[PDB]
>>> print(open('entry-v7.cif').read())   # mmCIF, N, CA and C atoms
data_upload
#
loop_
_atom_site.label_atom_id
_atom_site.label_comp_id
_atom_site.auth_asym_id
_atom_site.auth_seq_id
_atom_site.Cartn_x
_atom_site.Cartn_y
_atom_site.Cartn_z
N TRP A 1 0.82 -1.19 0.00
CA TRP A 1 0.00 0.00 0.00
C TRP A 1 0.86 1.25 0.00
N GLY A 2 0.47 2.22 -0.81
CA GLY A 2 1.22 3.46 -0.94
C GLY A 2 1.07 4.36 0.27
N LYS A 3 1.14 5.66 0.02
CA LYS A 3 0.81 6.59 1.08
C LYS A 3 -0.63 7.08 0.95
N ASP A 4 -1.54 6.12 0.76
CA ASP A 4 -2.98 6.32 0.75
C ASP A 4 -3.69 5.01 1.05
N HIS A 5 -4.98 4.95 0.74
CA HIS A 5 -5.68 3.70 0.51
C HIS A 5 -5.47 3.26 -0.94
N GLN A 6 -4.22 3.10 -1.33
CA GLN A 6 -3.82 2.95 -2.72
C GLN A 6 -2.95 1.71 -2.85
N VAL A 7 -3.13 0.95 -3.91
CA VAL A 7 -2.34 -0.25 -4.13
C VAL A 7 -1.13 0.12 -4.98
N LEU A 8 -0.08 -0.69 -4.89
CA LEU A 8 1.10 -0.57 -5.75
C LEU A 8 1.54 -1.96 -6.18
N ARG A 9 2.38 -2.01 -7.21
CA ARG A 9 2.82 -3.28 -7.77
C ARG A 9 4.30 -3.24 -8.07
N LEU A 10 5.02 -4.28 -7.65
CA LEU A 10 6.43 -4.46 -7.99
C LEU A 10 6.58 -5.78 -8.72
N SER A 11 6.91 -5.71 -10.00
CA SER A 11 7.07 -6.88 -10.83
C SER A 11 8.46 -7.47 -10.64
N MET A 12 8.84 -8.35 -11.55
CA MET A 12 10.25 -8.62 -11.77
C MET A 12 10.74 -7.96 -13.05
N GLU A 13 9.82 -7.46 -13.87
CA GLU A 13 10.18 -6.46 -14.87
C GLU A 13 10.59 -5.15 -14.22
N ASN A 14 10.14 -4.94 -12.99
CA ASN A 14 10.75 -3.99 -12.06
C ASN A 14 12.27 -4.13 -12.00
N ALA A 15 12.80 -5.35 -12.08
CA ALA A 15 14.23 -5.56 -11.89
C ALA A 15 15.07 -5.27 -13.12
N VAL A 16 14.55 -4.50 -14.08
CA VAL A 16 15.26 -4.27 -15.33
C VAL A 16 16.49 -3.39 -15.13
N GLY A 17 16.43 -2.46 -14.19
CA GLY A 17 17.49 -1.47 -14.14
C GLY A 17 18.63 -1.85 -13.23
N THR A 18 18.66 -3.09 -12.78
CA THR A 18 19.63 -3.45 -11.76
C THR A 18 20.41 -4.70 -12.15
N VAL A 19 19.72 -5.66 -12.75
CA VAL A 19 20.34 -6.94 -13.03
C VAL A 19 20.98 -6.88 -14.41
N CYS A 20 20.64 -5.85 -15.18
CA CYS A 20 21.02 -5.77 -16.58
C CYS A 20 22.23 -4.89 -16.85
N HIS A 21 22.84 -4.33 -15.82
CA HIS A 21 24.04 -3.53 -16.00
C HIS A 21 25.21 -4.44 -16.34
N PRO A 22 26.21 -3.95 -17.08
CA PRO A 22 27.41 -4.75 -17.30
C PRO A 22 28.37 -4.77 -16.12
N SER A 23 27.85 -5.06 -14.93
CA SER A 23 28.66 -5.38 -13.78
C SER A 23 28.40 -6.78 -13.29
N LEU A 24 27.36 -7.44 -13.82
CA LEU A 24 27.14 -8.85 -13.53
C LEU A 24 28.30 -9.69 -14.04
N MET A 25 28.92 -9.26 -15.12
CA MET A 25 30.11 -9.91 -15.63
C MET A 25 31.39 -9.24 -15.16
N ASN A 26 31.44 -8.71 -13.95
CA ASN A 26 32.62 -8.01 -13.46
C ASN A 26 33.17 -8.73 -12.24
N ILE A 27 33.93 -9.80 -12.47
CA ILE A 27 34.46 -10.60 -11.38
C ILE A 27 35.98 -10.59 -11.31
N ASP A 28 36.62 -9.47 -11.66
CA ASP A 28 38.07 -9.39 -11.63
C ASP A 28 38.62 -9.47 -10.21
N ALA A 29 38.06 -8.71 -9.27
CA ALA A 29 38.63 -8.66 -7.93
C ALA A 29 38.29 -9.92 -7.15
N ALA A 30 37.26 -10.64 -7.60
CA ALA A 30 36.81 -11.83 -6.90
C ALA A 30 37.84 -12.94 -6.97
N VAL A 31 38.31 -13.25 -8.18
CA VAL A 31 39.28 -14.32 -8.36
C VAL A 31 40.61 -13.95 -7.74
N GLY A 32 40.94 -12.66 -7.70
CA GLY A 32 42.19 -12.24 -7.11
C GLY A 32 42.17 -12.31 -5.60
N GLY A 33 41.07 -11.87 -5.00
CA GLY A 33 40.99 -11.83 -3.55
C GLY A 33 40.85 -13.18 -2.90
N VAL A 34 40.35 -14.17 -3.64
CA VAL A 34 40.25 -15.52 -3.11
C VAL A 34 41.52 -16.31 -3.38
N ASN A 35 42.41 -15.80 -4.23
CA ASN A 35 43.49 -16.62 -4.77
C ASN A 35 44.57 -16.89 -3.73
N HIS A 36 44.93 -15.88 -2.93
CA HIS A 36 45.91 -16.05 -1.87
C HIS A 36 45.36 -16.97 -0.79
N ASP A 37 46.28 -17.47 0.05
CA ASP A 37 46.06 -18.56 1.00
C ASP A 37 45.49 -19.75 0.23
N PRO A 38 46.34 -20.49 -0.49
CA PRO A 38 45.84 -21.40 -1.52
C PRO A 38 45.16 -22.64 -0.96
N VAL A 39 44.59 -23.42 -1.88
CA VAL A 39 43.90 -24.66 -1.56
C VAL A 39 44.77 -25.81 -2.08
N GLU A 40 44.68 -26.95 -1.40
CA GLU A 40 45.49 -28.10 -1.76
C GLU A 40 44.89 -28.82 -2.97
N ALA A 41 45.50 -29.96 -3.31
CA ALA A 41 45.08 -30.75 -4.46
C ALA A 41 43.71 -31.35 -4.20
N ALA A 42 42.73 -30.92 -4.99
CA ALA A 42 41.37 -31.40 -4.85
C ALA A 42 41.01 -32.43 -5.92
N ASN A 43 41.95 -33.36 -6.21
CA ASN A 43 41.95 -34.53 -7.10
C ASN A 43 41.11 -34.32 -8.36
N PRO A 44 41.51 -33.36 -9.21
CA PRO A 44 40.55 -32.67 -10.08
C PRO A 44 39.97 -33.52 -11.19
N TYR A 45 38.98 -34.34 -10.83
CA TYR A 45 38.25 -35.08 -11.85
C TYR A 45 37.47 -34.16 -12.77
N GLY A 46 36.48 -33.47 -12.23
CA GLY A 46 35.68 -32.57 -13.02
C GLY A 46 36.24 -31.18 -13.16
N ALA A 47 37.43 -30.94 -12.60
CA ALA A 47 38.05 -29.63 -12.65
C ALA A 47 39.22 -29.58 -13.62
N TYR A 48 39.21 -30.39 -14.66
CA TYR A 48 40.30 -30.44 -15.63
C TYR A 48 39.81 -31.00 -16.95
N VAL A 49 40.23 -30.37 -18.04
CA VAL A 49 39.94 -30.83 -19.38
C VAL A 49 41.18 -31.53 -19.91
N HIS B 1 -38.22 12.74 -8.32
CA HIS B 1 -37.13 12.64 -7.38
C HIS B 1 -36.32 13.92 -7.27
N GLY B 2 -36.46 14.82 -8.22
CA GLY B 2 -35.77 16.09 -8.18
C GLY B 2 -35.21 16.43 -9.54
N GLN B 3 -34.16 17.24 -9.52
CA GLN B 3 -33.45 17.55 -10.75
C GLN B 3 -32.74 16.30 -11.24
N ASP B 4 -32.42 16.27 -12.53
CA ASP B 4 -31.79 15.11 -13.13
C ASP B 4 -30.29 15.33 -13.25
N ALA B 5 -29.52 14.28 -13.05
CA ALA B 5 -28.11 14.33 -13.42
C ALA B 5 -27.95 13.82 -14.84
N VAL B 6 -26.82 14.17 -15.46
CA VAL B 6 -26.54 13.85 -16.85
C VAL B 6 -25.33 12.93 -16.87
N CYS B 7 -25.42 11.81 -17.59
CA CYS B 7 -24.30 10.89 -17.67
C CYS B 7 -23.64 10.99 -19.04
N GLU B 8 -22.32 11.17 -19.03
CA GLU B 8 -21.53 11.22 -20.26
C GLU B 8 -20.47 10.13 -20.25
N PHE B 9 -19.88 9.89 -21.41
CA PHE B 9 -19.21 8.63 -21.72
C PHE B 9 -17.86 8.92 -22.36
N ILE B 10 -16.87 8.09 -22.05
CA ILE B 10 -15.55 8.12 -22.67
C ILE B 10 -15.13 6.68 -22.89
N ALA B 11 -14.74 6.35 -24.12
CA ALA B 11 -14.32 5.00 -24.46
C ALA B 11 -13.03 4.67 -23.72
N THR B 12 -12.95 3.45 -23.22
CA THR B 12 -11.78 2.92 -22.55
C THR B 12 -11.46 1.52 -23.05
N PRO B 13 -10.19 1.15 -23.04
CA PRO B 13 -9.83 -0.25 -23.25
C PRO B 13 -10.28 -1.08 -22.06
N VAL B 14 -10.54 -2.36 -22.32
CA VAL B 14 -11.15 -3.20 -21.30
C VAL B 14 -10.17 -3.55 -20.20
N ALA B 15 -8.89 -3.65 -20.51
CA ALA B 15 -7.88 -3.90 -19.49
C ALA B 15 -7.21 -2.58 -19.16
N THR B 16 -7.96 -1.68 -18.54
CA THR B 16 -7.35 -0.58 -17.82
C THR B 16 -7.80 -0.77 -16.39
N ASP B 17 -6.90 -1.34 -15.59
CA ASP B 17 -7.28 -2.16 -14.45
C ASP B 17 -8.01 -1.37 -13.36
N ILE B 18 -8.92 -2.08 -12.69
CA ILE B 18 -9.90 -1.48 -11.80
C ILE B 18 -9.25 -0.94 -10.54
N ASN B 19 -8.03 -1.37 -10.24
CA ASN B 19 -7.28 -0.85 -9.10
C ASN B 19 -6.93 0.62 -9.26
N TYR B 20 -6.89 1.13 -10.49
CA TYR B 20 -6.81 2.57 -10.68
C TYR B 20 -8.06 3.26 -10.16
N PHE B 21 -9.20 2.60 -10.26
CA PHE B 21 -10.41 3.06 -9.60
C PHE B 21 -10.38 2.61 -8.14
N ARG B 22 -11.55 2.65 -7.49
CA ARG B 22 -11.70 2.47 -6.05
C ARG B 22 -10.84 3.45 -5.27
N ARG B 23 -10.90 4.72 -5.68
CA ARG B 23 -9.85 5.69 -5.42
C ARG B 23 -10.33 7.02 -5.98
N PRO B 24 -9.82 8.16 -5.49
CA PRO B 24 -10.23 9.46 -6.05
C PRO B 24 -9.73 9.81 -7.45
N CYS B 25 -9.36 8.80 -8.25
CA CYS B 25 -8.70 8.95 -9.54
C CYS B 25 -9.47 9.82 -10.53
N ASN B 26 -8.76 10.24 -11.57
CA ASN B 26 -9.26 11.26 -12.49
C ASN B 26 -9.79 10.61 -13.76
N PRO B 27 -10.67 11.30 -14.51
CA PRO B 27 -11.19 10.70 -15.74
C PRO B 27 -10.17 10.54 -16.83
N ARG B 28 -9.40 11.58 -17.15
CA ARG B 28 -8.56 11.55 -18.34
C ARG B 28 -7.24 10.84 -18.12
N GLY B 29 -7.14 9.97 -17.12
CA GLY B 29 -6.01 9.07 -16.96
C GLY B 29 -4.73 9.74 -16.55
N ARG B 30 -4.78 11.02 -16.23
CA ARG B 30 -3.59 11.80 -15.95
C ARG B 30 -3.93 12.81 -14.88
N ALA B 31 -2.99 13.02 -13.96
CA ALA B 31 -3.10 14.09 -12.98
C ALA B 31 -3.10 15.41 -13.72
N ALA B 32 -4.25 16.06 -13.78
CA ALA B 32 -4.46 17.09 -14.78
C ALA B 32 -4.51 18.49 -14.21
N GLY B 33 -4.44 18.65 -12.90
CA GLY B 33 -4.60 19.97 -12.32
C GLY B 33 -3.38 20.84 -12.51
N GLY B 34 -3.61 22.14 -12.46
CA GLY B 34 -2.55 23.12 -12.48
C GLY B 34 -1.86 23.33 -11.15
N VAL B 35 -2.34 22.65 -10.11
CA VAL B 35 -1.69 22.73 -8.81
C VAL B 35 -0.44 21.88 -8.79
N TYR B 36 -0.48 20.73 -9.45
CA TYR B 36 0.50 19.68 -9.26
C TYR B 36 1.84 19.98 -9.91
N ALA B 37 1.93 21.00 -10.76
CA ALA B 37 3.13 21.18 -11.57
C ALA B 37 4.29 21.70 -10.73
N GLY B 38 5.44 21.84 -11.38
CA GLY B 38 6.63 22.27 -10.68
C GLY B 38 7.08 23.69 -10.97
N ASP B 39 6.13 24.57 -11.27
CA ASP B 39 6.32 26.01 -11.43
C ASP B 39 7.34 26.37 -12.50
N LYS B 40 7.05 26.06 -13.76
CA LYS B 40 7.95 26.35 -14.88
C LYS B 40 7.28 27.28 -15.90
N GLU B 41 5.95 27.39 -15.83
CA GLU B 41 5.08 28.28 -16.61
C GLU B 41 5.02 27.93 -18.10
N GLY B 42 5.60 26.79 -18.46
CA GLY B 42 5.31 26.15 -19.73
C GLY B 42 5.03 24.71 -19.37
N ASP B 43 5.03 24.50 -18.06
CA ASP B 43 4.91 23.16 -17.49
C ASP B 43 3.53 22.57 -17.73
N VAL B 44 2.47 23.36 -17.49
CA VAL B 44 1.15 22.76 -17.65
C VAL B 44 0.69 22.95 -19.08
N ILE B 45 1.39 22.29 -20.00
CA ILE B 45 0.85 21.67 -21.19
C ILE B 45 1.55 20.32 -21.17
N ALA B 46 2.74 20.32 -20.58
CA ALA B 46 3.53 19.11 -20.48
C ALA B 46 3.07 18.28 -19.30
N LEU B 47 2.49 18.93 -18.30
CA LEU B 47 1.88 18.18 -17.21
C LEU B 47 0.59 17.51 -17.67
N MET B 48 0.01 18.01 -18.76
CA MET B 48 -1.27 17.49 -19.22
C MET B 48 -1.10 16.60 -20.45
N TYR B 49 0.01 16.73 -21.18
CA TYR B 49 0.14 16.03 -22.45
C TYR B 49 1.47 15.33 -22.70
#
>>> encode(input="entry-v7.cif", output="structure tokens")
Amino acid sequence: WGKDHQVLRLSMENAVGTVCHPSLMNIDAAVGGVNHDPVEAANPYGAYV
Amino acid sequence: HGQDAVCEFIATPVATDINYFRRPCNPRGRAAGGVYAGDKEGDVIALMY
């Protein structure tokens, strides 16, 4: 309800201006910040071509 | 019963949802008053159209 006896609606077409920016594909700092303090051999069956 | 009221008509599409009604809403689908504008003095043709 708005600031009355009034209804309002929030869709997921509402979400157009947030999920569609070209920052969803911006993971540069993520791989770098997790990279230090390494992980041991995780017997890479599905993690290797 | 007294004096008569007069009923007049404006065509509408069938899916102009009823939630816009049940409310003090306006006929011409737009906030049409000269009070609501932002004091630009060319504003209320753009506030109406």
>>> interface_residues(input="entry-v7.cif", of="chain B", to="chain A", cutoff="7 Å", atoms="all atoms listed in the file", output="MDAnalysis selection string")
chainID B and resid 19 22:23
>>> select_by_dssp(input="entry-v7.cif", residues="chain A", states="helix (DSSP H, G or I)", output="MDAnalysis selection string")
chainID A and resid 13:19 28:35
>>> resolve_selection(input="entry-v7.cif", expression="the PyMOL selection byres (((chain B and resi 25-32 and name CA) around 9) and name CA)", output="NGL selection string")
:B and (10 or 20-24 or 33-36 or 44 or 47-49)
>>> atom_distance(input="entry-v7.cif", atom1="CA of residue 22 in chain A", atom2="CA of residue 37 in chain A")
29.6 Å
>>> atom_distance(input="entry-v7.cif", atom1="CA of residue 12 in chain A", atom2="CA of residue 29 in chain A")
28.6 Å
>>> atom_distance(input="entry-v7.cif", atom1="atom C of residue 18 in chain B", atom2="atom C of residue 6 in chain B")
22.2 Å
